[PDB]
Structures are given as structure tokens and as C-alpha cells.
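Protein chains in written order, with this note's numbering: chain A, 210 to 959; chain B, 40 to 108; chain C, 67 to 264; chain D, 1247 to 1405; chain E, 3 to 347.
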């Protein structure tokens, strides 16, 4: 049974293949069909041109260049490439398929070369015919111009690109000064330059001059620019005769071009029906020969030594498949699999699924986890959606996003089958991400009592407004209870509502961020335990843990305790926790209001603990290394880490206030949109009122889905990513791992 | 069909929402007619929002039929 | 330059006005003390809170563009740096959060004073303290952000050049990122003995 | 005109309602202009990215939205006989949102231009640009928030 | 400071240019190229660099040293023109100023071909693409400078640099082309130095002043040494060719103008300590290229400077030459001088 590799990377095994040469080409093909072995470069010191399989790779590169020329021709002429072979090789299933024979690859190479020469000569002939046709057509257009064109040899007539006609006119004016008679008429249909196969707008230009030297100078000036000059006799009868001659020439050239293009298109259609298969087959052969290029060819023997990383659970499968290959070949060979014990950084492999793949990609974008290190995707599966939800907190927007994600999830098969754009592909891949974000946003908005900027009144409020009051009279409510779930709806639209919401959400963000950083730090502890780094536990984990606790965990505990204490009933002032924390450093031992008994002594002790832990974290590990020039590197790294950690506690606690910031802003923008868009509709009645309601709700929903669901939603999704990449993964994620990219065959699109 | 899909989605979202809003107005919910700045009459705003919801329902049914065909 | 000409004209006008008041026996008519005493401390406090947040944000944004523009250019060939040097962009955005924090803390002192106790010793002191503490925090965060962004751009380019370089330039950022912190601390010390307007 | 509520108190709040939109619309215009220049330079080669390199021009507009929100909240707290404290608070709330949005826009522009120019070459950079752009945008948010908090005090406990 | 306002427009430019720089071939890569036994091996080795699949469309039989040089140069010029397509304002003017030298070079190649009756197609193929202007092929019509300027070069950005080239005779020849090309590079370099001093901010103002002073010094030394071969030229005429922005100016440039022998040039360069051993021994061209590479390397130590676009173009241009040189030693099999590939990065 394959181990689950989501909590930690899959256990990796290095394996030597002593691949016999006579079956090497086949062996690689199986190792590429499994898609499980990540081969090491044993010839890393060998130059690219000095490697053993360089010539075969060069042959395959030439074949792929010829195929890339064939594709270019298939795109120049509007001929569709016949895609296929997606299910021919059963890619990703791990099942073996008989590879192309060496004779088949030789035939592919020879046919590619032969088609290269044939297509080169056919394209040359077609291009010559096309340029002749373009020249004749331009000459015909010049001849067909009205006599007024030749009214004002005695002149130079030609065709020149519009982007050059102004330059030509300016140059001719300068050459002839004021004696310029440059006429130009636009050619409606652009001409195709075969040299670039580019559509260029052109003008028929005529310049009148009498001097033979002046005429020659004008012709040279025009031809220096990409202009084609033509001879015209200026006589209507003679011009018509020349036009008829050009028409006859074009009639012959049209048939010649038709025949040549018919042959060329026949060849291209023959190629198109099989080009994809040839490309897929040659790219796989080039791929197996690059893999073998990483092997050490024992010249004295006839075996290639290939070192590859494979998941240990997959190891047995590998052997089985190799055995199958032998059973297919019928040859008797020595042990082709030999597990190896070497101190080489194994690749990081996390076994994911359609659910965990999105979050694993989210965490991998930052970096690849160290081998068998605590994976940040498993905790992000929940923590990235919920930190977003805190930043979002609305049942309406959350429900809209949940439905948007459900549209992708329920139709996941159909969307997977079709092609997707980059933005749509990203949205679909993170479809479960967005589903969780929407669900948790609904939950948080329920706790915030925020649905489309409005509040729900499910439960009896804990506040009772005065029995009677007059219109406009400032009334204050009295606490008769506590709202069971979520924020009490009593302070909806109240003057002081914002003061309570801000306090609550600041404290919520602080507590949640501290809990999420403590969880990450204990993940770091788990990493230390797994790698048996007791020195990291003693000199890195415990000191930093004490430093962060004594300050910010103490702040969190004080927040909770202050919430749990009835100050008004107890007759004690409500201490300011921010001023308590500030005085805990700037003025130790001076407490304006006593939160709890012996507060001053405890605060002094915690400050002393942090001030002792800073030296602890800074010195214990480097000194342990010294006592057992590298000690210099250890000391420098420890100093940097300690400064970073001490500053990061504060900068990370302050940063998680972005949860409150974005939640508050989302709520305020939602309420403001409600007031601007749909609240006005309630002010108008009748047909006007109904139309205003319809239009204003249309605008409100458009701005809610656009601004408050996608725009604000994207922002909150990306501030959740930083709280994970910078505040969560800064605590335990060493990173700098080797991504697992096993040698596998995949359809390669041209 | 994209226009029809967008319109029918925007119409269901608005049939449901305006029906709920009209029900809250008719029941004189505090969150909707509890403030002096809020509309003085609840049932009349409920009627207007109900008519708007009926317009959106007509749009929804028409665009759903268009999507069907 | 038009700006330099305007500066010189303003200086000359100020000098001439001061000399006219001084010579005519009315030098005391230009009374900065009366201006400070009679200007509402509310104006000073609110200007301090607005300039704190705004200048902290300005430095954060100024650094984010310097670091962000050099990360993007360097990531064309070395996209691996994009996430690695993003810590630089967090040192630029953290000064802003300091300013915001200070604004929150200083806004707690924006109470409403009574008419008679408006220009008192405590209220004038609270106005001056919250104006100058906001100025200090905002300008320190401005400098720290612009400086940390300039270091982050260098760090991104170095990381693209060689990965091992980044950790050595990040240290410089850690040196710069503290400069706003110090300002923050000093701000908290300025407005420390300031009280809500009463 | 009361001691606490002079006739010139509405001057500051009206200048704050204006400052919020004027400076969050300056920043948004700067960002939109530079991001659009980048988009026009890139989409000549890569039109397929156009309806996805529009993000910076969408974030700059969100800066303008943050100051249309602070402006509309500050304009409804404006009164003929509103206290000088309220006027100063409304000026500070518009100075904060407007300046923070200017900074955020100026940064959104410079960073969106760079990221659209680089994304036409390295698509993986699009994620980098959007992340650097969400931190330029948050600056403006932080201004709005301060502004919002300011307005939560502008009219309250005020005589 | 340099960093504050530099990245508002040139941050992406400097990042991309510095990424291009990181792709500059190192000494180890040059040695690996040296060991290549064939142009196919050279292509394979270059594929491992940031050159990558730049010859992937070239068949084995089509691999030639000229083709490799053309493709590497085209890659460099496409990178340059892209960077220009991302630049604006002062940087666009700076990058346009870099192209004006290639244009002066092309004007001389075009007019030199017109006076030798060589086909315009080959003459335009050999022309530097960066130095292209719309009317460059039209210089293949006239011989006298009067017609060429009054018809072509007045509208080009080279027009301001035609203020001392009219003195020569109407008839035009190779010596007159060299005189016109040196006058156009003197006026250009003085204009590009002024543009750097006034508009290009520091430390790209100092870096670009140093890199243009080196260019002017190299031009002056080469002009003097070429005039040495000629029977005699008026020292006043020589002074009209020597740029007036370099370290040599105004003393060493003067002494070079009145210099009439190799020892005269050596005496002139003795005073200046930056070019002591250039004429003492070795190859002068190699000495100049090594000094240019050292100056460009120094321009890369200074960030928030657009002097790095110039330092990347001249470094990369040396790289191409180096590759070409190596390619020659591989194509022609003369490997004795293969290691003279001037490497600084």
C-alpha cells in the first residue's frame, strides 16, 4: 500500500539501473512510461558536446527542426494539423507500450529529410511564382490607372509601400526642389511580400521629369526604397495593349500557380495527417536519449549506470514493470534494479488529489519543501480559506463565491475535458480552494452578522433599547444577555457600531494570527524532532517559542481574560492592553490599571525571559557547534535568524491586523454600495420606483460580483497567501527542496 | 447564449433577493424600516420591490427559456 | 526655474514684510506663539494622524514600486526570485502598517474638548504631541520604505544574478526596516504623555 | 457661530470630501495610465493576455473607489453648524485616504507596467505582479481605513 | 538619490538588462566553447547558455561562422530594440543616441559601396541593423556629399553632425569617406556627451561620461595611427576629427593632431596614464577591447544607472565577437589563437 505523502514528502529511494546496452533504448522507454524515476546527472562534468549519446540527440534535433519547418508551412498555408495519439500511449497510467523500433526511427529521420528537401524546392518554386504574380498584378494596376494619372520615357512610374511613399515624395522634392509632380493613388488591396509573407499597403506613384539624368536619379531613388518600377508608354491605346499582354501573362501564371500550389498543398495535407504522430514519437526518442545521456556508459562492460530517485512505495512497481519488459524481450540479464544508500538530497514528492492539489500548488509556488519536511499544503487546505474568510466575512458574497465554485466543481469533468485560458485554468484548478473560501466566508459573515452588508436577527439580542424615547433622541441599549452565535444585531446602524466592530476584529485578528504562528512554530518543532535535531529544539525552538509567547501570547491571554472579566460590575477600570504592552517594554513595572493580581511582577518576569532568550537563541546553537571556520558561518546565520525572528514577531503580529483591515473595508464598501445603489430605489414608488429598483439592483449586483466578490475577493485571497508564505511558512518552512519531476512521457504540442 | 446565461443568473439573483427584501419591508423589519432615515411606509416599499422582483422573474423565465433553446 | 523663482520671491517678500513690521515697531505682530496658542489643537492632531498614515503609505508605496519594478525586470530570466524577494515587499508594506497602527493609537486621543478647556496646557500639548509624533512616524516610515525598497531592488537583482547573494542583501534590508520601527517607538514616546482632548 | 463651531469649520470637511476623491483619482489615473501604456505595448505582441493584464487598471480604479467611499461618508457628515473638530477630522480622513490612494496608485501603475511588460515574456511572473500589486493596493486600503476611523469620531460626542 | 526616481520608468529596463548581463558568457563557458571540435559542437555548447535555441532553425550543413555571428548579433539587436520598445523619455533618447553611431557607420559603408560600384543589396546586408534609418538604402544613389546630405541626411538624426563635412571637395573617395566618418563620430560623441551631462542623471552620468571618454580616446588614437600610414595630413584637419570629450582632450588630443609618426603617438599617450602600455606592446585593438570590458564591468557595479544598457550592449557585442573568433578557430581549424577571446565576466 502506497503511503500518503501529504503530511510529509513521500519517502524516496535512489536506485541504480545497470541497463544492458542492447536493451538500453527499450529500458529508458519503460522508465519513461512509468513516469516515476527522476534520473540523476552522472555526467554532469561532461560537456554537452562530449556526452555519449550526443549524435543521436543531434539526429533527433534535426528531425524536430524539420518537423517545426513542416508545421510552419502548415501554418503559412491555412492547413489544419491533425491532432491525435493522446490515448495512443496511455500517458500517466504507468502501463508499458511497445516503443517504436530503431528501424522505424531511422525511417522517420529519412522521411523527414526527404520531405525537407521536397518542401524546400516546392516552396521556392511557389514563392517565385507568387512574386512574379505580384509584379504582374502591380504592373496591371499601373496600366489600368486612368489617363489622368499620366497627364501632368518622360516619367517614372511604379508601386511603393505607403509607409515609404511620403519618404519618397520628400526625397524627390529635395532632389528636384520645387519641380516635383509626384502623383500617387492608393491600391485598395494590400500586396503580399513573399520575402516576409507580410501584407503591405501600396501606392501607385508617378513622377514627371524630362532630364535623362534626372529620370535616372529618380529611378535610383525610388528603387533604393522597396519600390517596383514599370515601363509605360503613356498612350491609351498602347497602355491598353500592354494591359492585354499583362492579362495574358497573368492568365498563364494563374494556371501555373494553381498547379504548383495544388502539389504543395497535397504534400502538406499528406504531412498533416501524420505530423503529430511523428513529432510525438521523435520527441519521446530524443527524451529517452537525453535520459540515457545522464547515465555512465561503462566502456569496458556494455552497461549504462543510471541513478534515479523513485518513491520507495513505488519501488516494487518499478521492478515489476522492468520484469515485464524482460518477459517481453525474452533476454536474460543480471539484476537491473539495485537500491542505493547515498547522502544525496532526495526530491520532494507530495501525493495530492483534486482537492489537495490546489493548496499544494499554492504552497509550492513559494518554494519546494525540504525532503520529508512538514508540508504547508495540508495545513493551508483549511487555514488559507479561513484567513481569507476572516478578511471577507459576508454571507452574501460568500454564498455567491460558493455557487461560483460549485459551478466548476459539479461540472469539473466537462471543464477538465475542454481547453481553458490562463485565468480560467487558475480558477478551475483552485475550484475547491474557492469552494472552501466561500463556505468559510459564509460562516464568518454569519459570525459577523453580515449578509450583503445587512444583518440577520435569528436569535434574541443581548441588548434592550429604552422602553420609550422620542424621535431623534440618542438612546443607549442595556446588556440583557449575550448573542449566542455571531455579532449581536443590536449594533447594526448604530453610531458606536464601528468602535465595537473594530475592537472585536482587531483582537480576533491578533488572536487568530498568534494561534496560526504558534501552530507553524510547533510544526517547526515537529520538523526538528523528525530530523533528530535536538540542538535546534534547545537553541532554536524553545528560545523563540518563549520569546513569542511571553510577549504576544501573553497579549492574547490578556485579551481573552479582559473579555472574560466584568470590569464595570467588579468596579475596576478596564485596562488598555495596547498601553499595557507598550509599558511592558518602555516602562517595566509601571501598570496604569491592574489587569490581574501581580501583573507587574509577571510582566517584568516575561520581559526578562525575552531579554534572556534573545542571547539564548543567538548563542546556544553556534556555541554548541563551536564546542561540538564553519563556526563563523553558523554564528552569522544564527545572528541573522535571531534578528529576523525578533523583528518578525512584531511585524507578523502587526501584519495579521490586515485581517481586520480587509474585513472592515469589505463591510464598509458593501454597506456603502447598498446605500448608493439599492437603498435609493426604496425611496421611489410607482412605475418609476419599480424601474429604479430593477436598474439599481442590476447595478448593485454587478458591482457586488465585480468589486466585492472578484476584486475584493482576489485581494483577500492574496493577503491570505502572504499570511501563509510570510507569517506561517516563515516559522517552519526551510524550503529549498528538489522538486519531484520524474522522467515521464507527456503529449508535447507543436 | 452567454448573454442569456448572464441575464438569467442576474434575474434569479434579484428574484430571490428582492422577494426577501420585500417580505422584510412588509413585515416592517427593524433593519429596513427601523430608522427614521429609512422609508416611512413598509408595505408600500414591499409592493414596489415585489413588482421589481416580478419584472426580474419575467426576465429570468424568458432568459431561461432562451438558454433552453 | 519657475519653482526657484517662486521660492526666491517668497523669501524676499517674507524678509521685506518682517523688516517692515520690525522697523515700524510691530515686530511682535508676527507672533508664532499666538499662532500656536490660538490654532486649534484639533488641527495639529488631525494633521499629525493624516500625515503619519499618508507618509508611511507613501514610503511603503515608493519602496514597493522600487523593489517591485526591479523584481519584475530580474524575474524575466530568473522567475525563481519572485517569491524569494517578496519578503523585501513585506519590509516595504510593514512601515505603512506601523503608521496605520500609530494613527489608531493617536486617534484614541481625538476626543472632544469643552469650549473653556480647549486651548489649555494639556490640550495644546496633546495637539503638538500628536502633530509632531505623526510627522515623525510618517517621515521615518517614508524614509524607511524608500530605503528598504532601494535595498530590495538591489537584493532582487543580486538574487537573479546569484541566489546566495540574496541572504546577504536581505540583511541590509533588516538594517533599514528597523529605521521605521525606531520612528514608531519614538512616536509612541512623544504621544505617550499626551492625553485625550478634554 | 459658536466658539466650537465657527462658520469656517465646514471649509475643512468640504476640502476633505474633495481631497479624498481628487487624490485617489490622481493616483488611480496615474496607475491606469501607466498600466494601460504597458498593456498597449505588450498586447501588440500578446493580445491574448489583454483581458488578464487589465488587473492593475482594475486596482487603480479600486483606489478611486476607496476615496469615493470616504468622500461620500465625509459629505454626509458636513453641516453648516458642524464643529471645527468635525471639520478637522473630515479633512484628516480625506487627507489620509487621498494621499494613501495616491501612493498606492503611483505604485500600482509603476508595478503593473513592469509586470505586464515582463509577463508577455514570463507568464509565471503574472502571479508575482498581482502579489506586488495587492500590497500597493493595500496601502490605499489602510488610508481608507484610517479615514473611516476618523469619520467614526468626526460627528460623535461633539457639541 | 539614484534609487528613488530611477525605477519609476527604468526599473524594469534595468532588471531585464541585468538579467541579460547575467547571461554574459563567463570564462569557463568560453573555455568550454574552445574545446568544441566543430560548429555543431559549438552550437550544442551555446545551447547550454542563455543563447539557447538561437540556431535551432539552422541545419547542420548551414552552420557557418558568418551565420553564427549573424544569429548572435541578431539576438543582441532584438534584445536592444525590445529594451528600447520598453523605454521612454530620457532613456529612449539615450538608446536612440547609441543607434546614431551605428547609423554613422552604415552611412560610411553605404557611401563607400556606392563609390566602388558594389551592389546595393550586399552593401545593405553588411550594414548594422541598429543603425538603420528609412533613407539608408537611398545613400546608394549619389557620390558627392552635397546631394547625399541635401536629399537624405537632412531628415535623419545625423543632420546636426553635418556642420564640418562640407569643406572637402565635391568629388568623394575612400579617404574622404574616412574623413566624413571621423567628423560624424566627433560631432556625435560630443552631442552624446552633452546629452549625458545635461539629461542623464548620476551615477549613469559619470559612468556614461567615462565610457564616452574611452570611446573618444580610442577614436583619437585610431585616427592618429591611421593618419600615420598616410603620407601627410594637416594637423588642423586631424584636430577636426579627434573628439573633444575624452581623457586625452585637450593635451593628448592636440599632441596626436600634430603627431606625425608612431613615436609621436607614443609620446602623446605617455602623458595619459590610462593608455600607457597600449602602444608599448601587444595588440592595440585587444588592449582597447579589454579596457572597454573593464569599463563596462565597472558600469554594472553601479545600480540605478542607464549606463548598464550601454555596458550590456558593448559587453554583449564583445561576447559575439568572442564567439565569432572561437567559431573561426573551429571552422578554419587555427586554434593557436583561440584563447584570445577577451573575457571579463
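Even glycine gets a Cβ: it sits at the ideal position worked out from N, Cα and C.
Remark: three or more beta-carbon pairs, one from each stretch, lie closer than 8 angstroms, so the segment 157-171 of chain C and the segment 196-215 of chain C are flagged as touching. Chain E places a beta carbon closer than 9 angstroms to that of residue 434 (chain A), counting this residue as a contact. DSSP, read as helix, strand or coil, puts residue 152 (chain E) in helix.
A direct Cα-to-Cα measurement between residue 1277 (chain D) and residue 245 (chain C) gives close to 29 angstroms. At least one CB atom of chain C sits nearer than 9 angstroms to the CB of residue 853 (chain A). Sequence-distant Cβ neighbours of residue 609 (chain A) in its own chain, meaning closer than 8 angstroms and more than five residues away, are 647, 913, 914 and 918. Between residue 276 (chain E) and residue 293 (chain E), the gap from beta carbon to beta carbon is short of 9 angstroms. Think of a sphere of 8 angstroms around the beta carbon of residue 164 (chain C): the chain A residues whose beta carbon falls inside it are 863, in chain order. For residue 614 (chain A), the closest C-alpha among the options A:632, A:643, A:594 and A:605 is that of A:643.
When rounded, the separation of the alpha-carbon atoms in residue 152 (chain C) and residue 1297 (chain D) is 25 angstroms.
For residue 61 (chain B), the secondary structure class from DSSP, reduced to helix, strand or coil, is helix. Shown in chain order are the members of the segment 59-79 of chain B whose Cβ falls below 7 angstroms from a Cβ of chain A: 70, 74, 75 and 78.
In the same chain as residue 831 (chain A), and ignoring 5 residues on each side of it, the C-beta atoms closer than 7 angstroms to its own belong to 840, 843, 844 and 847, in chain order. For residue 1394 (chain D), the closest Cβ of chain A is nearer than 9 angstroms. With a cut-off of 8 angstroms on Cβ pairs, the segment 625-637 of chain A is not in contact with the segment 579-586 of chain A, counting fewer than three such pairs. Within chain A, the residues whose beta carbon sits less than 7 angstroms from that of residue 53 (chain B) are 906 and 910, listed in sequence order.
From the beta-carbon of residue 124 (chain C), no residue of chain A is found nearer than 8 angstroms; the closest lies around 18 angstroms away.
Take the alpha-carbon of residue 1404 (chain D) and the one of residue 90 (chain C): they are about 44 angstroms apart.
Taking a beta-carbon distance threshold of 9 angstroms, residue 235 (chain C) does not count as an interface residue toward chain A. With the criterion set as a beta carbon lying under 9 angstroms from some beta carbon of chain A, the members of the segment 141-165 of chain E are 141, 142, 143, 144, 149, 152, 153, 154, 156 and 157, in sequence order. Under the DSSP assignment, residue 781 (chain A) falls outside any beta strand (DSSP E); it carries neither an H nor an E label.
Cβ-Cβ separation between residue 210 (chain C) and residue 258 (chain C): approximately 21 angstroms, too far for a contact (criterion under 8 angstroms). Contacts between residue 1378 (chain D) and chain A, judged by CB atoms closer than 8 angstroms, are missing: the closest CB pair is about 10 angstroms apart. Along the segment 478-542 of chain A, the alpha helix (DSSP H) occurs as fully enclosed runs of 4 or more residues at 521-538, listed in sequence order.
None of the residues of the segment 110-140 of chain C has a beta carbon lying less than 9 angstroms from any beta carbon of chain A. With 16 or more other CB atoms across the displayed protein chains lying within 10 angstroms of its CB, residue 487 (chain A) is buried.
Residue 596 (chain A) sits in a helix when the DSSP states are folded into three classes. Sequence-distant Cβ neighbours of residue 179 (chain E) in its own chain, meaning closer than 8 angstroms and more than five residues away, are 110, 113, 114 and 117.
Rounded to whole angstroms, the separation of the alpha carbons of residue 523 (chain A) and residue 209 (chain E) is 59 angstroms.
One Cα belongs to residue 1251 (chain D), the other to residue 1273 (chain D), and the distance between them is close to 33 angstroms. In this structure residue 332 (chain E) is in contact with residue 41 (chain E), their Cβ atoms being roughly 6 angstroms apart against a cut-off of 8 angstroms.
Contact check for residue 1315 (chain D) and residue 1390 (chain D): beta-carbon distance about 6 angstroms, within the 8 angstroms limit, so the pair qualifies. Residue-level contact check: residue 539 (chain A) does not touch chain D, since none of the beta carbons of chain D fall below 9 angstroms from its beta carbon.
Among the bridge pairs identified by DSSP, residue 223 (chain A) is matched with A:518 and A:549. Distance from the Cα of residue 161 (chain C) is smallest, within the candidate group A:857, A:604 and A:888, for A:857.
Apart from the 5 residues on each side of it in sequence, residue 410 (chain A) sits with its Cβ closer than 6 angstroms to the Cβ of 371 and 399 in its chain, given in chain order.
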